[PDB]
Amino acid sequence: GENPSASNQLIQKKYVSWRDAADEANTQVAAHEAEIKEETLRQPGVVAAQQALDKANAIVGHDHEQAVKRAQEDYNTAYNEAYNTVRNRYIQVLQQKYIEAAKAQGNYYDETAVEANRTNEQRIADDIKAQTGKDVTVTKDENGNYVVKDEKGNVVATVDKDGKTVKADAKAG
């Protein structure tokens with residue numbers, strides 16, 4: 001949906017979710033997700049955590065576990081969380097490269113490559129801000145329903161075929 005015929009896909013209200021860009025690329029990168037995190041272990045920023053873990057781990061005695069509890073956890077977590085971190089960034093990296101490839105694959109729906117910028121679902125994303133005002137996401141689930149997910153990661157509402165149906169405004173169905 002890269003074409004601001006209604007949304008630049010990075011705008012407040014009347015907006016098609018960035019998920020168009022992200023989630024499609026995300027499914028791709030996840031096929032090789034482990035390699036993504038691996039870049040973090042060679043990343044000048046994250047490596048410093050490993051480096052510091054050894055320093056904290058060098059503490060001997062019962063103070064060892066006490067010291068490392070706070071410190072080593074953060075480092076250990078840094079690399080693990082980095083899978084998400086670097087993946088989210090990798091979304092940006094792979095997406096732009098895959099976008100031009102997507103045209104031949106008909107993968108995601110785009111008006112500057114494949115077909116149109118927004119599908120009904122993506123259109124609903126735009127309408128949702130007209131409906132409630134919140135800049136949230138919409139996705140067609142397994143059953144074919146358009147689930148409205150808040151950026152917290154939880155589906156707060158659901159829209160039906162009408163594309164305006166919302167469990168908050170005066171549109172039930």
# chains A, B, ... in the order shown; residues from 1 in each chain; ligands from 1
>>> residues_around(residues="residue A:130", least_positions_apart="2", cutoff="7 Å", atoms="only C-alpha atoms", output="PyMOL selection string")
chain A and resi 13-14+127-128+132-133
>>> write_last_selection(atoms="N, CA and C atoms", output="PDB file, in the first residue's frame")
ATOM      1  N   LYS A  13      -4.859   9.251  11.580  1.00  0.00           N
ATOM      2  CA  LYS A  13      -6.237   9.345  11.090  1.00  0.00           C
ATOM      3  C   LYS A  13      -6.302   9.229   9.570  1.00  0.00           C
ATOM      4  N   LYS A  14      -7.252   8.421   9.092  1.00  0.00           N
ATOM      5  CA  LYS A  14      -7.336   8.074   7.675  1.00  0.00           C
ATOM      6  C   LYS A  14      -6.012   7.476   7.231  1.00  0.00           C
ATOM      7  N   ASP A 127     -10.727   3.753   7.610  1.00  0.00           N
ATOM      8  CA  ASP A 127     -12.050   4.067   8.140  1.00  0.00           C
ATOM      9  C   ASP A 127     -12.105   3.983   9.660  1.00  0.00           C
ATOM     10  N   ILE A 128     -11.336   3.072  10.247  1.00  0.00           N
ATOM     11  CA  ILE A 128     -11.348   2.881  11.698  1.00  0.00           C
ATOM     12  C   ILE A 128     -11.070   4.187  12.442  1.00  0.00           C
ATOM     13  N   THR A 132     -13.580   5.486  15.187  1.00  0.00           N
ATOM     14  CA  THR A 132     -13.279   5.683  16.596  1.00  0.00           C
ATOM     15  C   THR A 132     -12.261   6.800  16.813  1.00  0.00           C
ATOM     16  N   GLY A 133     -11.320   6.932  15.886  1.00  0.00           N
ATOM     17  CA  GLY A 133     -10.323   7.980  15.986  1.00  0.00           C
ATOM     18  C   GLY A 133      -8.960   7.444  16.359  1.00  0.00           C
TER      19      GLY A 133
END
>>> residues_around(residues="stretch 98-109 of chain A", least_positions_apart="6", cutoff="8 Å", atoms="only C-alpha atoms", output="PyMOL selection string")
chain A and resi 1+20+24-25+115-119
>>> residues_around(residues="residue A:74", least_positions_apart="5", cutoff="10 Å", atoms="only C-alpha atoms", output="PDB file with N, CA and C atoms, in the first residue's frame")
ATOM      1  N   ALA A  49      27.191  -5.856  25.708  1.00  0.00           N
ATOM      2  CA  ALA A  49      26.454  -6.551  26.750  1.00  0.00           C
ATOM      3  C   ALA A  49      27.148  -7.863  27.108  1.00  0.00           C
ATOM      4  N   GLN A  50      27.497  -8.645  26.086  1.00  0.00           N
ATOM      5  CA  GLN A  50      28.214  -9.906  26.290  1.00  0.00           C
ATOM      6  C   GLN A  50      29.517  -9.649  27.018  1.00  0.00           C
ATOM      7  N   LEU A  53      28.938  -8.934  30.545  1.00  0.00           N
ATOM      8  CA  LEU A  53      28.471 -10.114  31.258  1.00  0.00           C
ATOM      9  C   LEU A  53      29.663 -10.885  31.806  1.00  0.00           C
ATOM     10  N   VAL A  68      25.396 -10.790  39.031  1.00  0.00           N
ATOM     11  CA  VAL A  68      25.001 -11.188  37.690  1.00  0.00           C
ATOM     12  C   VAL A  68      23.484 -11.199  37.521  1.00  0.00           C
ATOM     13  N   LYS A  69      22.746 -11.420  38.607  1.00  0.00           N
ATOM     14  CA  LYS A  69      21.284 -11.448  38.547  1.00  0.00           C
ATOM     15  C   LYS A  69      20.749 -10.231  37.800  1.00  0.00           C
ATOM     16  N   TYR A  79      20.348  -9.807  23.820  1.00  0.00           N
ATOM     17  CA  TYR A  79      20.519 -10.550  22.575  1.00  0.00           C
ATOM     18  C   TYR A  79      19.195 -11.187  22.160  1.00  0.00           C
ATOM     19  N   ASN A  80      18.469 -11.701  23.144  1.00  0.00           N
ATOM     20  CA  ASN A  80      17.180 -12.348  22.897  1.00  0.00           C
ATOM     21  C   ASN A  80      16.166 -11.334  22.382  1.00  0.00           C
ATOM     22  N   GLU A  81      16.057 -10.209  23.075  1.00  0.00           N
ATOM     23  CA  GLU A  81      15.181  -9.125  22.659  1.00  0.00           C
ATOM     24  C   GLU A  81      15.625  -8.584  21.306  1.00  0.00           C
TER      25      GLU A  81
END
>>> closest_residue(among="A:82, A:136, A:114, A:10", to="residue A:46", atoms="only C-alpha atoms")
A:82
>>> residues_around(residues="residue A:138", least_positions_apart="2", cutoff="6 Å", atoms="only C-alpha atoms", output="ChimeraX atom specification")
/A:125,146-149
>>> write_last_selection(atoms="C-alpha atoms", output="PDB file, in the first residue's frame")
ATOM      1  CA  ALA A 125      -7.818   0.584   8.651  1.00  0.00           C
ATOM      2  CA  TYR A 146     -11.325  -7.988  10.169  1.00  0.00           C
ATOM      3  CA  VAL A 147      -9.856  -7.916  13.654  1.00  0.00           C
ATOM      4  CA  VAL A 148      -8.869  -4.493  14.941  1.00  0.00           C
ATOM      5  CA  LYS A 149      -5.642  -4.727  16.859  1.00  0.00           C
TER       6      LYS A 149
END
>>> closest_atom_pairs(of="stretch 36-123 of chain A", to="stretch 160-171 of chain A", cutoff="10 Å", atoms="only C-alpha atoms", output="Markdown table")
| residue | atom | partner | partner_atom | distance |
| --- | --- | --- | --- | --- |
| A:120 | CA | A:163 | CA | 7.2 |
| A:121 | CA | A:163 | CA | 7.3 |
| A:122 | CA | A:163 | CA | 9.7 |
| A:123 | CA | A:163 | CA | 7.9 |
>>> atom_distance(atom1="atom CA of residue A:139", atom2="atom CA of residue A:5")
20.3 Å
>>> atom_distance(atom1="atom CA of residue A:110", atom2="atom CA of residue A:155")
24.8 Å
>>> select_by_dssp(residues="stretch 19-55 of chain A", states="alpha helix (DSSP H)", output="list in words")
residues 19, 20, 21, 22, 23, 24, 25, 26, 27, 28, 29, 33, 34, 35, 36, 37, 38, 39, 40, 47, 48, 49, 50, 51, 52, 53, 54 and 55 of chain A
>>> atom_distance(atom1="atom CA of residue A:67", atom2="atom CA of residue A:55")
10.2 Å
>>> select_by_dssp(residues="stretch 105-148 of chain A", states="strand (DSSP E or B)", output="ChimeraX atom specification")
/A:137-140,146-148
>>> write_last_selection(atoms="N, CA and C atoms", output="mmCIF file, in the first residue's frame")
data_model
loop_
_atom_site.group_PDB
_atom_site.id
_atom_site.type_symbol
_atom_site.label_atom_id
_atom_site.label_comp_id
_atom_site.auth_asym_id
_atom_site.auth_seq_id
_atom_site.Cartn_x
_atom_site.Cartn_y
_atom_site.Cartn_z
ATOM 1 N N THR A 137 -4.623 -1.093 14.074
ATOM 2 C CA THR A 137 -4.441 -1.959 12.919
ATOM 3 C C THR A 137 -5.671 -2.828 12.682
ATOM 4 N N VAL A 138 -5.818 -3.295 11.458
ATOM 5 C CA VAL A 138 -6.895 -4.208 11.096
ATOM 6 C C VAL A 138 -6.314 -5.359 10.284
ATOM 7 N N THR A 139 -6.776 -6.572 10.551
ATOM 8 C CA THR A 139 -6.295 -7.742 9.830
ATOM 9 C C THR A 139 -7.407 -8.770 9.638
ATOM 10 N N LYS A 140 -7.505 -9.320 8.438
ATOM 11 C CA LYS A 140 -8.463 -10.382 8.165
ATOM 12 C C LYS A 140 -7.960 -11.695 8.755
ATOM 13 N N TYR A 146 -12.343 -9.016 10.087
ATOM 14 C CA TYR A 146 -11.325 -7.988 10.169
ATOM 15 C C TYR A 146 -11.117 -7.591 11.622
ATOM 16 N N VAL A 147 -10.120 -8.182 12.254
ATOM 17 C CA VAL A 147 -9.856 -7.916 13.654
ATOM 18 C C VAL A 147 -9.038 -6.641 13.819
ATOM 19 N N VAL A 148 -9.516 -5.768 14.690
ATOM 20 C CA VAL A 148 -8.869 -4.493 14.941
ATOM 21 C C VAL A 148 -7.918 -4.615 16.115
#
>>> residues_around(residues="stretch 88-95 of chain A", least_positions_apart="4", cutoff="8 Å", atoms="only C-alpha atoms", output="list in words")
residues 21, 22, 23, 24, 25, 26, 29, 36, 84 and 99 of chain A
>>> residues_around(residues="residue A:83", least_positions_apart="5", cutoff="9 Å", atoms="only C-alpha atoms", output="JSON, numbers by chain")
{"A": [33, 34, 35, 36, 37, 38, 40, 78, 88]}
>>> write_last_selection(atoms="N, CA and C atoms", output="mmCIF file, in the first residue's frame")
data_model
loop_
_atom_site.group_PDB
_atom_site.id
_atom_site.type_symbol
_atom_site.label_atom_id
_atom_site.label_comp_id
_atom_site.auth_asym_id
_atom_site.auth_seq_id
_atom_site.Cartn_x
_atom_site.Cartn_y
_atom_site.Cartn_z
ATOM 1 N N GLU A 33 14.999 -16.094 10.753
ATOM 2 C CA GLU A 33 14.942 -15.189 11.878
ATOM 3 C C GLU A 33 16.196 -15.291 12.744
ATOM 4 N N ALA A 34 16.734 -16.501 12.849
ATOM 5 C CA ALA A 34 17.877 -16.761 13.714
ATOM 6 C C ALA A 34 19.114 -16.004 13.242
ATOM 7 N N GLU A 35 19.256 -15.867 11.927
ATOM 8 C CA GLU A 35 20.384 -15.148 11.352
ATOM 9 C C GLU A 35 20.279 -13.658 11.660
ATOM 10 N N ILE A 36 19.045 -13.185 11.802
ATOM 11 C CA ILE A 36 18.776 -11.790 12.106
ATOM 12 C C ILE A 36 19.337 -11.427 13.472
ATOM 13 N N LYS A 37 19.036 -12.261 14.454
ATOM 14 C CA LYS A 37 19.528 -12.055 15.803
ATOM 15 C C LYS A 37 21.043 -12.197 15.839
ATOM 16 N N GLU A 38 21.571 -13.077 14.993
ATOM 17 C CA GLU A 38 23.005 -13.334 14.939
ATOM 18 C C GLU A 38 23.787 -12.056 14.637
ATOM 19 N N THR A 40 23.154 -9.258 15.698
ATOM 20 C CA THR A 40 23.240 -8.540 16.962
ATOM 21 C C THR A 40 24.476 -8.968 17.755
ATOM 22 N N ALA A 78 19.291 -8.871 26.262
ATOM 23 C CA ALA A 78 19.607 -7.939 25.185
ATOM 24 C C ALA A 78 19.695 -8.647 23.841
ATOM 25 N N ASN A 88 12.577 -6.195 13.490
ATOM 26 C CA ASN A 88 11.767 -5.014 13.190
ATOM 27 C C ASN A 88 12.516 -4.079 12.243
#
>>> residues_around(residues="residue A:4", least_positions_apart="4", cutoff="10 Å", atoms="only C-alpha atoms", output="number ranges by chain")
A: 8-11, 15-16, 111, 117
>>> closest_residue(among="A:41, A:62, A:153, A:126", to="residue A:86", atoms="only C-alpha atoms")
A:41
